[PDB]
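> Before we start, here is the structure in question, set down as structure tokens.
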Amino acid sequence: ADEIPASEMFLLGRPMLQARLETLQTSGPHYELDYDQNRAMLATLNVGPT
Amino acid sequence: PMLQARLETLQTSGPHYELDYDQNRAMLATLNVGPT
Amino acid sequence: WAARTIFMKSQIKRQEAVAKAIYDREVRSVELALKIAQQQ
């Protein structure tokens, strides 16, 4: 229904996995919230202290 | 066919690693770069 | 009080920046997926 491990990933279908490949290829690596918070923190540190 | 494709994908895909493995590999890389 | 309001202003600006980055990334991915799906 959602995910059966990499041991089984052919069960879904060929158009299925093909669109899967193209969306992974066209979408960047998945990042978490901590990455965005750290990026904002780096930005406000790079703005310099008044 | 189900279990046969299962066998072939296990054979052709390496052992499953967790996130800790990748973090440790990155840590080893930045330790191997040496201290400036 | 002045220090506190400055701190909250900075926090709010940071949150807007994070949300803008996420929204831009999502919209770029969505448009590019549209083009790809249109191709197939």
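Simple scheme: letters A, B, ... for chains in structure tokens order, numbers from 1 for residues in each chain, numbers from 1 for ligands in the order shown.
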Select, as a PyMOL selection string, those residues of chain A with any atom no more than 9 Å from chain B (distances computed using only C-alpha atoms).
chain A and resi 6-11
> Can you list, as a list in words, every protein, DNA or RNA residue that comes within 12 Å of region 25-28 of chain C when you count only C-alpha atoms, leaving out same-chain residues fewer than 6 positions away?
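The filter keeps residues 26, 27, 28, 29, 30, 31 and 36 of chain A; 18, 19, 34 and 35 of chain C.
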> Could I get the residues of chain A with an atom no further than 12 Å from an atom of chain C, each paired with its nearest atom pair and that distance in Å to one decimal, using only C-alpha atoms, sorted by chain and residue number, as a Markdown table?

```
| residue | atom | partner | partner_atom | distance |
| --- | --- | --- | --- | --- |
| A:15 | CA | C:40 | CA | 10.2 |
| A:18 | CA | C:40 | CA | 10.5 |
| A:19 | CA | C:37 | CA | 8.3 |
| A:20 | CA | C:33 | CA | 11.1 |
| A:21 | CA | C:36 | CA | 11.5 |
| A:22 | CA | C:36 | CA | 7.8 |
| A:23 | CA | C:33 | CA | 6.8 |
| A:24 | CA | C:33 | CA | 10.0 |
| A:25 | CA | C:33 | CA | 10.1 |
| A:26 | CA | C:32 | CA | 7.1 |
| A:27 | CA | C:29 | CA | 5.9 |
| A:28 | CA | C:29 | CA | 8.3 |
| A:29 | CA | C:25 | CA | 11.2 |
| A:30 | CA | C:25 | CA | 10.9 |
| A:31 | CA | C:22 | CA | 10.0 |
| A:32 | CA | C:22 | CA | 10.5 |
| A:33 | CA | C:18 | CA | 9.1 |
| A:34 | CA | C:18 | CA | 10.5 |
| A:35 | CA | C:18 | CA | 9.7 |
| A:36 | CA | C:18 | CA | 5.9 |
| A:37 | CA | C:18 | CA | 6.8 |
| A:38 | CA | C:18 | CA | 9.5 |
| A:39 | CA | C:18 | CA | 7.9 |
| A:40 | CA | C:14 | CA | 5.7 |
| A:41 | CA | C:14 | CA | 7.5 |
| A:42 | CA | C:14 | CA | 10.2 |
| A:43 | CA | C:14 | CA | 8.5 |
| A:44 | CA | C:14 | CA | 7.5 |
| A:45 | CA | C:14 | CA | 11.0 |
| A:47 | CA | C:10 | CA | 11.5 |
```
> May I ask for the distance between CA of residue 3 (chain A) and CA of residue 17 (chain B), given in Å to one decimal place?
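Separation of CA of residue 3 (chain A) and CA of residue 17 (chain B): 17.0 Å.
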> So how far away is CA of residue 17 (chain A) from CA of residue 39 (chain C), in Å?
16.5 Å
> Going by DSSP on the backbone, which residues of chain A come out as alpha helix (DSSP H)? List them as a list in words.
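Residues meeting the alpha helix (DSSP H) criterion: residues 14, 15, 16, 17, 18, 19, 20, 21, 22, 23, 24, 25, 26, 33, 34, 35, 36, 37, 38, 39, 40, 41, 42, 43, 44, 45 and 46 of chain A.
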